Amino acid sequence: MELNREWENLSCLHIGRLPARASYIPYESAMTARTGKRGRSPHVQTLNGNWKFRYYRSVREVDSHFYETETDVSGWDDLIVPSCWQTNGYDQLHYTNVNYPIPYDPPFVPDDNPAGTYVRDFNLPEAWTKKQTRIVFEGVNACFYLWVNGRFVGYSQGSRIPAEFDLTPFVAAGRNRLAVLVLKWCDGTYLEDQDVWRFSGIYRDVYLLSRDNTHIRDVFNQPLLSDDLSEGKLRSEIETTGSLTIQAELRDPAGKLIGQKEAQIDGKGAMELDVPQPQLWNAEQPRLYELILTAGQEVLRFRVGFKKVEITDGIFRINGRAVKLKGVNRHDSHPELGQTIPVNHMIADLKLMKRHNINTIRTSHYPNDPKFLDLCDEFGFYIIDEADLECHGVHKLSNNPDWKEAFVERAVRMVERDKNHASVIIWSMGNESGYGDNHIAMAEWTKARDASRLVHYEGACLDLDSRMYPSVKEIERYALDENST
Amino acid sequence: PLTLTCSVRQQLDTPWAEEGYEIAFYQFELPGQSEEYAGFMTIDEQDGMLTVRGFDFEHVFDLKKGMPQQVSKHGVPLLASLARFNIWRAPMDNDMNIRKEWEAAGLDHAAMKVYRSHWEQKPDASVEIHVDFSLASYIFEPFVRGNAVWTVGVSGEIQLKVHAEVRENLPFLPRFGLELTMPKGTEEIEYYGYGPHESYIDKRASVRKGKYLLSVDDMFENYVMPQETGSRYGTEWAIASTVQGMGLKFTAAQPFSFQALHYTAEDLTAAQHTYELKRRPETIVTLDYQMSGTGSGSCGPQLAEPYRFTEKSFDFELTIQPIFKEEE
């Protein structure tokens, strides 16, 4: 399936990509798992660093056998992954507002479509071919192809969501070869018309996982507070790939055992556990329980927060009290690295927001890196998590029924990734200027999947009403009316 | 067809004019190789470049852009770079009101998108190339959607047959044509049509039909505000060549508009004074299907309806021939 123009197809959104799961790292013990540094785990190997890179002004002039194992990559350039290539001397920087910077001709993108080729070798130990091997890309602009040892393994599309592939038929012990082709424009560019600088490349982390043959595939944790917020139940729905004996233990923020359980899960099943007097999560007292799952050689660590978000009489409430959300919007933007954000640059922003009385953050127009939400669970912030969809169109792709699987999966891949975060309170279906038949499918899937959080969509079974830029007279007109439910 | 010309000339010296000076003119129409060179035709393709060699020519087409890149005749190169379609002219001073709609609609600079390209070889050693294309700029819906058929014969002629439709909510285009770029040294123009100076669909009362021969520097009319100039309406055939007569000949089904300059349209658009025009070494030749007229829309009424380019489905039918003019 070599270069059949899948990036102009709309019936080929991926090739060989694994279905979406939550965010976790398999560790070896509970002592290593509490550190958070995933490079210390023996089941994880990083692929960040220095790759061999070649830039092309068009996909036409790319060589047809760059992905082969015995090719000479020595005259190519060397680029540090992760990085955006517009800040590294390649094609010129470009800011655009709500207009598309391509001719509006769906699903077609221009013939001068710039491209980049990445090549990197790596080693692999002997005890790694006895198990399952996966590769995870946390983010690549537009679309990308993938070759391992000169063999086609995958294609994927979607710029702000991870992609995971299976490398068990392709790798061998000793030296290996990885080749990536990255394109600037695909048919998903019509759904990513954000008012931001337009960067390209592999800009987030890339790593390899070694998971055994019968492993915990997916985990969804559910706090199940009672009606008077006085009894807690942790329901951990675990979805495996076979028969697993699973240990589970739960701890309070002070570090004391409150629960412990063993189960035998054969593909899909829950592990409920009781918490008698729970300590609740909020933005100013961020108290978090700790869940440890143990299965075979793998140890998974989760951080659980107990909260309840509701609307009662037209009054938004968190944990029974009426809460007014006081927040800002935020793009991931660094003045020297583009959309590559290190950790300390996030911690500085969170400290500067928290010392200016801010308790809410809205992830503007795409989901952020998975450790930004890990930091927001700890500092204490309410998160409105938007999907990567901005079809400013202008037309109406929202009402076109053969775009529906593209609209739905950008919510499915977001909600499945960020469903165990104690700070996310509202799922937002992206920037909307048009009411369409494809946004309501996203909202219906999200409301059927997760009922513990509210669902937001701007174009308007609705949860809340939203307005972009009212007057001060308009909202006090809305507040005094009786038809405002 | 024969042409009679009657010129009213005076007979005595006035204080302002001599004896044989002309006052008016009026014109009137009067009605009145055996299978030897098909074996030298070779075709190959590498990296999307379709090269067609013949008996005494060599032509290189770019299949991924749908345009000829090289045209040769006895080894002499006749194109300097890639051809294109052009829908923009440098706006005149009678186009002060319509220019805001043209620039707001994005017709200032458009590109070409090739959907599908396919080549064959007919059973007479003739080559056909089918291209599905579209003209579009970078924010809006595409302007022109059409398809073109290039044809190379055993003698070396290049025939173009493009059928095009244009978008329904677009005001009217400045032009539609094929732009070629011929190398350094192309200096003679010889054409059969209306002349010896400029003419348009609405400004053509002072030109007469004949066979004219001039230079590319004399095609240009150096206005104070640089703008579109030098176009000859209703041309039957035209030859642009070097001073020794090695060039190209252009014919069509119905008579076309013809232009030859040392300045591209963006050079005349961007310039504001006469000294800002830098003369190019090459020669820009343009073969227009129709072209919207001048009018008097600087102050007063706008351009008339039969003088605009308000037509949304057309055929073009151009023919290009390499020629050595002194022995043909």
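Conventions and cut-offs
Residues numbered from 1 in each chain as written, not as in the entry; some residues may be left out. Chains lettered and ligands numbered in written order. Part of a larger assembly, values for the part shown. Heavy atoms only, no water. Residues with missing side-chain atoms left out of burial classes, pairs and counts. Helix = DSSP H or I, 4+ residues; strand = E, 2+ residues; numbered from the N terminus. Rg over C-alpha atoms; globule rule 2.2 N^0.38 Å. Buried < 20%, exposed > 50% of the residue type's maximum accessible area, 1.4 Å probe, protein only. Pairing = 2+ DSSP bridges. Salt bridge = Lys/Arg side-chain N within 4 Å of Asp/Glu carboxyl O. Axes fitted to C-alpha atoms, helices over the stretch in contact; angles between N-to-C directions. Parallel < 35°, antiparallel > 145°, perpendicular 65-115°, else oblique. Left-handed = near helix turned anticlockwise from the far one by under 90°. Contact = heavy atoms within 4.5 Å. Nonpolar A, V, L, I, M, F, W, Y, C, P; charged D, E, K, R; others polar. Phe/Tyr/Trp six-rings, centres within 6.5 Å; stacked < 30°, edge-to-face > 60°. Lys NZ or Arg CZ within 6 Å of the ring centre and 35° of its normal. Patch = residues over 30% accessible without salt bridge, like charges linked within 9 Å, V, L, I, M, F, W, Y side chains within 5 Å. Areas by Shrake-Rupley, 256 points an atom, 1.4 Å probe, with all protein chains shown as cover. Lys, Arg positive; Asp, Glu negative; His and termini not counted. Charge placed at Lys NZ, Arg CZ, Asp CG, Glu CD. Buried area = accessible area lost by both parts, 1.4 Å probe. Polar contact = N/O pair within 3.5 Å; in protein donor to acceptor, adjacent residues only side chain to side chain. Core = buried A, V, L, I, M, F, W, Y, C linked by side-chain atoms within 4.5 Å.

As summarised from the PDB record, the model derives from cryo-EM at a stated resolution of 2.8 Å.

The name given to chain B in the PDB entry is Beta-galactosidase, and the organism recorded there is Paenibacillus barengoltzii.

The PDB entry lists chain A under the name Beta-galactosidase, with Paenibacillus barengoltzii as the source organism.

A word on the overall build of chain B
Scanning chain B from terminus to terminus reveals 2 helices and 22 strands. Taking the principal axes of its C-alpha atoms as reference, chain B extends roughly 70 × 50 × 40 Å.

Some thoughts on the overall build of chain A
Within chain A, the regular secondary structure consists of 6 helices and 27 strands. Here the C-alpha atoms of chain A give a radius of gyration of 23 Å, agreeing with the 23 Å that 2.2 N^0.38 yields for 485 residues. Along the three orthogonal principal directions, the C-alpha set of chain A runs to about 65 × 55 × 40 Å.

Points about the pairing of strand β5 (residues 57-62) of chain B
Residue and element names in this part refer to chain B. Within β5, 5 of the 6 residues are buried, which leaves the element mostly enclosed by the surrounding structure. As consecutive antiparallel partners, strand β4 (residues 49-53) and β5 are separated by 3 residues. Of the pairings in the sheet, the one linking β5 to strand β6 (residues 67-73) comprises 6 bridges and is antiparallel in character. Residue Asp62 lies in a different strand from β6, and its bridge partner there is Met67. In this antiparallel pair of consecutive strands, β5 and β6, the connection spans 4 residues, and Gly66 shows a positive phi of 70°.

A closer look at the pattern of salt bridges
Once the charged atoms of two side chains with opposite charge are near each other, the side chains can pair. Going through the model one piece at a time under the given rule, you end up with 53 salt bridges over all chains. B:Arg279 is the partner of B:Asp217 in a salt bridge, and the nearest nitrogen-oxygen pair spans 3.5 Å. Remark: B:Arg279 occurs in the loop between α2 (265-270) and β20 (283-291) and B:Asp217 occurs in the loop between β15 (208-215) and β16 (232-235); sequence separation between them is 62 residues. What makes B:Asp217 partly exposed here is its relative accessible area of 45%. Salt bridges here are not isolated pairs; linked through shared partners, they connect A:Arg217, A:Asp218, A:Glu416, A:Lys419 and A:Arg449.

Things to note about the sheet that holds strand β19 (residues 256-261) of chain B
All names here are of chain B. Read across the open sheet, the 5 strands follow the order β8-β13-β20-β19-β16; overall the sheet is antiparallel. Strand pairing shows two members of the sheet lacking a second neighbour, β8 (84-86) and β16, which therefore form its edges. Taking the axes of each pair of neighbouring strands and ignoring which way they run, one obtains an average angle of 30° across the sheet.

So, the packing of helix α4 (residues 404-415) of chain A against helix α5 (residues 439-449) of chain A
In helix packing, the relevant descriptors are the interaxial angle and the interaxial distance, both defined with respect to the helix axes. Residue and element names in this part refer to chain A. Direction vectors running N to C along α4 and α5 enclose 30°, while the axes themselves pass 8 Å from each other. Classed by the angle they form, the pair α4 and α5 counts as roughly parallel. Along this stretch, α4 crosses α5, giving a crossing that reads as right-handed. Along the contact surface, α4 presents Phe407, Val408, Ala411, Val412 and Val415, while α5 presents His439, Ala441, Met442, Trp445 and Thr446. Here the contact of α4 with α5 is composed, by residue class, of 8 nonpolar, 2 polar and no charged.

Some points on the sheet that holds strand β16 (residues 257-265) of chain A
All names here are of chain A. The strand order across the open sheet built from 4 strands is β16-β15-β18-β19, with neighbouring strands paired in antiparallel fashion. In this open sheet, the two edge strands, each paired with only one partner strand, are β16 and β19 (298-304). Averaged over neighbouring strand pairs, the angle between their axes works out to 15° when direction is ignored. With 7 bridges joining them, strand β18 (residues 289-295) and β19 adopt antiparallel strand pairing. The partner of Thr294 across the bridge, within β19, is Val299.

Considering the environment of B:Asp124
Residues and elements named next belong to chain B. Counting through the fold element by element, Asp124 comes out in the loop between β9 (111-119) and β10 (127-136). Spatially, the C-alpha atoms of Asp124 and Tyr263 are 40 Å apart, while their sequence positions differ by 139 residues. When sequence neighbours within four positions are dropped, the list of residues in contact with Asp124 reads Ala38 and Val154.

Focus on the packing of aromatic side chains
Here the structure, examined in full by the defined rule, presents 39 aromatic pairs over all chains. Measuring from ring centre to ring centre gives 5.2 Å for B:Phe85 and B:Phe133, while their planes differ by 25°; the resulting arrangement is stacked. Of this pair, B:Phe85 sits in strand β8 while B:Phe133 sits in strand β10, and the two are 48 residues apart along the sequence. When its relative accessible area of 7% is taken as the criterion, B:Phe85 is described as buried. Here the aromatic rings of B:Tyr289 and B:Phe316 are separated by 6.2 Å at their centres, their planes lie at 70°, and the arrangement is edge-to-face. Placement of the pair is B:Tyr289 in strand β20 and B:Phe316 in the loop between β21 (313-315) and β22 (318-324), with a sequence separation of 27 residues. The exposure classification of B:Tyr289 matches that of B:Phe316, with both residues buried. Each residue in the set B:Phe85, B:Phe133, B:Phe176, B:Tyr289, B:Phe309, B:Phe314 and B:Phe316 is aromatic and connected to the rest through ring pairs, giving one cluster. Sitting over the ring of A:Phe381, A:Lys354 keeps its end group 4.1 Å from the ring centre.

A closer look at a negative patch on the surface
A surface patch of like charges, here negative, comprises A:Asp227, A:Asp228, A:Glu231 and A:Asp274. You can see A:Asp228 is positioned in the loop between β13 (216-223) and β14 (232-240).

Quick word on the interface of chain B and chain A
Taken together, the 18 residues of chain B in the interface contact 13 residues of chain A. Approximately 1,100 Å² of surface area, both sides summed, lies buried where chain B meets chain A, with 43% of it carried by carbon and sulfur atoms. Area buried by chain B at its contact with chain A is led by B:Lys113, B:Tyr138 and B:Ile139, which between them contribute 42% of it. At the junction of chain B with chain A, the criterion picks out 3 salt bridges. A salt bridge links B:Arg145 to A:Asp105, with the shortest nitrogen-to-oxygen separation between them at 3.4 Å. Joining chain B to chain A, the criterion identifies 7 residue pairs in polar contact. Here the side of chain B that touches chain A takes 4 residues from β9(B), the largest share from any one element.

Here's the deal with unusual backbone geometry
Between A:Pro106 and the following residue, A:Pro107, the backbone shows a cis peptide bond with an omega angle of 0°. Tracing the backbone through its elements, the reader meets A:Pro107 in the loop between β4 (95-96) and β5 (115-122). One non-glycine residue, A:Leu10, adopts positive backbone phi at about 75°. Tracing the backbone shows A:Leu10 in the segment before α1 (30-33). The phi torsion at B:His74 lies on the positive side, around 55°, for a residue other than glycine.

Section: the pairing of β19(B)
Regular strands place their side chains on alternate faces of the sheet. Residues and elements named next belong to chain B. Judged by how many residues are buried, β19 sits mostly within the fold: 6 of 6 residues are covered. Alternating residues of β19 divide into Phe256, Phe258 and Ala260 and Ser257, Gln259 and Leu261, and every residue in both groups is buried. In this structure, β19 lies alongside β20, joined through 5 bridges in antiparallel fashion. Each residue of the ladder has a partner; that of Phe258, found in β20, is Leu287.

Digging into the nonpolar core
Counting 59 residues, the largest nonpolar core has B:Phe85, B:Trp150, B:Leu160, B:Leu178, B:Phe250 and B:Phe258 as its most contacted members. Excluding residues within four positions of it along the chain, B:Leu178 makes contact with B:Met67, B:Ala83, B:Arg84, B:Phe85, B:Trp150, B:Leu160, B:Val285, B:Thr286, B:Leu287, B:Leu318 and B:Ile320. In this structure, A:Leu10, A:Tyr100, A:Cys143 and A:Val455 belong to the second largest nonpolar core, which totals 57 residues.

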